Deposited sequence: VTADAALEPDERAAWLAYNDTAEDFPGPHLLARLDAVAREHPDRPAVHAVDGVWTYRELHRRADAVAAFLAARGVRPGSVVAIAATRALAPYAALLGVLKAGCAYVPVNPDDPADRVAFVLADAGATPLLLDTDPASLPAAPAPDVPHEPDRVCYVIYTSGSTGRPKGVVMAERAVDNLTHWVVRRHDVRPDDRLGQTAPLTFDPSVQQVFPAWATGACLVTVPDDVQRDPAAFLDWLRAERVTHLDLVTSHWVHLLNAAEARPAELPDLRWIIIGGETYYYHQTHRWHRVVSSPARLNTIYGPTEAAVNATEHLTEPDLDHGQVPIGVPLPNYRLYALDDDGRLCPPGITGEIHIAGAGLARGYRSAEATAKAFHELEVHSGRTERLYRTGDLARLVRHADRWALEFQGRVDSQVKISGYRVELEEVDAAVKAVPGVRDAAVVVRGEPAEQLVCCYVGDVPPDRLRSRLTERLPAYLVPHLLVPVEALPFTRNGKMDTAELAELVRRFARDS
């Protein structure tokens, strides 16, 4: 009956070790920590976008104006509000203001076809108020009083497989934010580069950890990203300390660094994922990039709050596939066969994800039914699981259990 039924004790033990990830994080909820930072570090730079820099004081005053506007237009807590996803300051006031209003944001590329925008507004149940007026130039006002609710929806982000709106609530975002800050030692004087647009959820992993610590969110300009050599120059010039990259984009940077060895003395962390890559590439990186920067290899779908697993990439290895590693705090992952049985170590199965990272679901009740299911994995432990469509196997890597990606169904 249980998914681990046919496993021997040693095979069951490997999975129990792998998924031993429960962690309580200190003190106030995400928005309260953001408010505390703004009041303790008001003069610090909070966002450096393509059109200038806002202090924490200014960002929170602009966000407060947005929340007050939404309330004045009858947008009640638990509503969804569209924000125009650009590289400028205004979207940061928009999305923080939506959260201060007790609402969830849906990031919209203002260059998308009008027909696709129309679908997103209807599917998300989202008001276009902040698409039809500049959110940065709204009349000044304090944020209205929002009654406390647990696990409010924070965002609806569209991901494809056919667009589906992933509904992500505060406990998942708070959990991710604690991990980014604690795992990568984010400090007030740090500069978190945002490579992903606000329509792509690695942006979440840069924005909230910055504002939860008093660090500065530094938007990567469009023109810089598409030019690998310029991107390396820009990272040096802006003294970026933490960066999000998709694997293929990082490969473009590696080729540029091989052509012209780079110095990045201020860079401490690159969080990289999206595709399988190889220790030969990461070994080359560490020879041609003069930096203390460590590569944190990550895996995860949008449906499980950006990242689900992480591997600290060894710089001395130069052969084999980089594993996707161990679950984030309060995540549990299972490789299941076609009959929903837990695979032994070394056996390839489909990744199912449990824990604090899971989306509430999709906007579509049908899509939610097909993707999310309940399963007794071990005696006594019934899990809400998200089916990924991803394949992996549990392997031994440097005397520790790790997932190794094996492709898709």
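By the record, the deposited chain contains unmodelled runs at 162-164, 413-513, with no C-alpha atoms placed there.
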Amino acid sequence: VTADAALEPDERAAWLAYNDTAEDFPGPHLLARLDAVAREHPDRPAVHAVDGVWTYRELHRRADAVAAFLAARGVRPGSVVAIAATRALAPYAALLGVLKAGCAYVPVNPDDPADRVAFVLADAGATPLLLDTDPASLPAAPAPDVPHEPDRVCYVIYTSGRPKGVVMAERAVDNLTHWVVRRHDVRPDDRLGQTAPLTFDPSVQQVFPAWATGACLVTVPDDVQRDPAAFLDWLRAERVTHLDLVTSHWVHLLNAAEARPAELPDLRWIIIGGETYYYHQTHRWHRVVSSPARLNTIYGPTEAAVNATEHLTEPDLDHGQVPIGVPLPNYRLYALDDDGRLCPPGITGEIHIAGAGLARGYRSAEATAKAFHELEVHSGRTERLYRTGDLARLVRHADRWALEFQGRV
From here on, numbers count along this sequence of modelled residues.
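In this crystal structure, the stretch out of 70-78 and 224-232 whose C-alpha atoms carry the higher mean B factor is 224-232. Between the stretches 364-372 and 29-37, it is 364-372 that shows the larger average CA temperature factor.
Take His311, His178, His252, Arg187 and read off each C-alpha B-factor from the entry; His252 has the highest. Across the options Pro150, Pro128, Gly214, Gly97, the residue with the most elevated CA B-factor in the record is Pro150. Compared with the other modelled residues of the chain, the Cα B-factor recorded for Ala22 ranks in the lowest third. Ranked by C-alpha B-factor against the other modelled residues of its chain, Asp201 falls in the lowest third.
Among the modelled residues of its chain, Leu264 has a C-alpha B-factor that falls in the highest third according to the deposited record. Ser290: CA B factor in the highest third of modelled residues in this chain (values from the PDB entry).
Sorting the modelled residues of the chain by their CA temperature factor places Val146 in the highest third.
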